[PDB]
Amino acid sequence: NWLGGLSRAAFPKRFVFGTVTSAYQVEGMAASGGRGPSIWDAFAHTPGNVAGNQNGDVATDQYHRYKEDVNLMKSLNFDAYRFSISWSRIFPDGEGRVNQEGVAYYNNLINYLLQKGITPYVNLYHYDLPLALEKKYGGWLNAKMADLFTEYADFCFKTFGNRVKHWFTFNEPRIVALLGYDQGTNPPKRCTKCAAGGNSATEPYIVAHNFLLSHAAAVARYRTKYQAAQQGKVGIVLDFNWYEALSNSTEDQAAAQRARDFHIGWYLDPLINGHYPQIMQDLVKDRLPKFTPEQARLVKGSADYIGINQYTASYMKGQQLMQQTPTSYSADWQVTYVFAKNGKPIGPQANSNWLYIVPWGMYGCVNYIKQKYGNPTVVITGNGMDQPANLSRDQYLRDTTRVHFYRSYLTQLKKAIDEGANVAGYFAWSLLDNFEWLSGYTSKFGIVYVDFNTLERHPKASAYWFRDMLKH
């Protein structure tokens, strides 16, 4: 049967199912309703930066149509909705003056979700730093971001926290550090060679450190000022794609483990254990900032749950560890990516070149976190796959590959959970086709089709699959 034995009965009692979006990717009204620009508005408006010179000015226009989209997620039997608040829609300059119209939007969205029986899971940050803070402070290179982010978080806790009980601070700080400061392909476009300046060997580590310190400061503020009255929780969202040793050799197994540590351990070891992974300390040395004992104690235990975005898996091949002139965070790992074993690809690719369809990667990742980090509460905060541009409407709706994707990946998640992993929830990226960063509207991740000419929504087969699987 097309559900492949899956239903709410196949998951733990009270397991949470939802869908996910982010502000810049779906809201639209980017320069309206009092919203100030983010670094992504500046980046997307520069010719050549995004596919087709597209931008999030209108996106899916969820700003005007949010009740339609909430009605739709309820009709599909979801329990929860993960979305983000745009910092520059609340504080156009990132600090100081509050945009009351922006505040009213999120109030209206939250209230409607609750009216419809959908639990809000709210991200404070999803790549969309206020442009004013980039220009004035240098963004995530500046330790002052801890204070700036904390004041923003404080306002959100105060304003929405009587209703919102499930918060996340950041979304994938690894990707910010990697793409923004190592490779220089996302804003602020920094890297050793880049026109904007930068240093691919040092800046990604500075940035990650400041994300961890800011997360910790925001959570300390929540716990000391708001938690007694509000009784909610705050976590963080981290990306984790799986790494599998190419062979059982000592060096291939070491390589796969090094990749895990540089990928997820970079954040989880501080959040769980209060230090950076030993291998990163050993290889990155004085380029890796040191937490003071007080800072490490603030960071350790500061996530009430760990959000994991899980998409794909790679084979890793090793080498003898070498003394090397530092060049980049990426080269620091001393690993070799490989996409076939025994003459077979690890999986077929979705539309995005990086996205290999490997359902057992989901089991790999969840099992690994369970075994290595004392089985913390995990929420799968995003998982999904994309269709290419230029299909007909009907071709978009017949998304049989995405149906197979979710059935297979959710079967592997169920496998990890049945073996004892503490997973509390699962969220599909995305509710809607949306603005896919550098790919613009050329990549379609939604279980709901969005016609970007007319803005109409049409559920795809994968939406109906969820509705059938999730019926109460």
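For every residue, the number given is its place in the sequence shown, counted from 1.
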Next item on the list: Taking the mean of the C-alpha B-factors per stretch from the entry, tell me the winner out of 53-61 and 40-48.
Entry: 40-48
Next item on the list: Quick one: say whether 122-130 or 190-198 has the higher mean Cα B-factor in the deposited entry.
Entry: 190-198
Checklist line | Selection from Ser214, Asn383, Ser302, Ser247 [criterion: highest C-alpha temperature factor in the record] | finding: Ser247
Margin query: Highest recorded C-alpha temperature factor, please, choosing from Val379, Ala350, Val335, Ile236.
Written below: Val335
Notebook entry, point to check: Going by the entry, which third of its chain does the Cα temperature factor of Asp261 land in?
Noted result: lowest
Next item on the list: Would you check the entry's CA temperature factor for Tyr106 and let me know if it's in the chain's lowest, middle or highest third?
Entry: lowest
Check: How does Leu455 rank on Cα B-factor within its chain, lowest, middle or highest third?
Finding: middle
Next item on the list: Among all modelled residues of this chain, ranked by Cα B factor, put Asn422 in the bottom, middle or top third, i.e. lowest, middle or highest.
Entry: highest
Notebook entry, point to check: Of the three thirds of its chain by CA temperature factor, lowest, middle or highest, which one includes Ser328?
Noted result: highest
